[PDB]
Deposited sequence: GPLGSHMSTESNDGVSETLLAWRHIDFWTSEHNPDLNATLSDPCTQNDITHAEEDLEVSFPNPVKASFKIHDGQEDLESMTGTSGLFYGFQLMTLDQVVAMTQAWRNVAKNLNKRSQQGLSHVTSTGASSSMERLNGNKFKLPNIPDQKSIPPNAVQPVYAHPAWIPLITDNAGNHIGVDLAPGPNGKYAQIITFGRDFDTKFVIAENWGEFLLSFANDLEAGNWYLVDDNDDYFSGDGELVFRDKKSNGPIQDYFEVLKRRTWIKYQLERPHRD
């Protein structure tokens, strides 16, 4: 019940999909990490990666570069370590010295940077999707969040990495894509909709899901 199953299922689809519809993108999916690579990374960052994340890394060590997630790049373990230390530097500088918010409220710490936010995806422009290993009081450990330069408001986009990868997989399978050989971008197929930034899609989905759930209290 950690999301490992989803991680594996998701990668099957994503692997098969890219090979069929975008071999060029498939070609960028790296070989697995070894357990040593992971132990080394865990020791460097003084952190324990969630099971589904470890699972994902043992399938592909990121990408080697048009990014897989509708333009956003799956980070290599080395990139994860480098960027995590980058964010850790930011958090220290901030210690000494734009309202930070969270959807759902109190799910994610209301801060610009946290040492326990491990980035796994990048827009190569300062923004990330990653795992939250230090949730707010109404958050969940190893929930998947957006954070970064332009993420003054953070979003919980999935309960775990597995469910994130799967919802991406389901978008591919549902035909919610346009090619621009080309660059992969999101469009909602059922609505006959325009091209949209995938972060905007994830944000709207989080926002909607939050709202449909508010009624329930118990």
Original post:
In sequence order, which deposited residues have no C-alpha?
Top reply: 1-11, 76-82, 116-145, 229-237
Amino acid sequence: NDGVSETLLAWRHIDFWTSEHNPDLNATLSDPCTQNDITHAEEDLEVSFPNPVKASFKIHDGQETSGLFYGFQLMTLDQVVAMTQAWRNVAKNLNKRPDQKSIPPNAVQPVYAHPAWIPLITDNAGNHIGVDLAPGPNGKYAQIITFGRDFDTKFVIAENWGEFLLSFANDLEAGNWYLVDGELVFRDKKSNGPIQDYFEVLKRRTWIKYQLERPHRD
From here on, numbers count along this sequence of modelled residues.
Original post:
Would you say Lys92 is missing from a third or more of the other compared entries?
Top reply: no
**OP:** Would you mind comparing 88-96 and 115-123 for me and telling me which has the higher average C-alpha temperature factor in the entry?
**Re:** 88-96
Original post:
Sorting the chain's CA B-factors, does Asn106 end up in the lowest, middle or highest third?
Top reply: highest
Original post:
Going by what the PDB entry lists, where does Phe49 fall on CA B-factor within its chain: lowest, middle or highest third?
Top reply: highest
Original post:
Taking the entry's C-alpha B-factors for this chain, is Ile157 in the lowest, middle or highest third?
Top reply: lowest
**OP:** Select lowest, middle or highest to describe the third in which the CA B-factor of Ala55 falls within its chain in this entry.
**Re:** lowest
Original post:
If you rank the chain by CA B-factor, which third does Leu9 end up in: lowest, middle or highest?
Top reply: highest
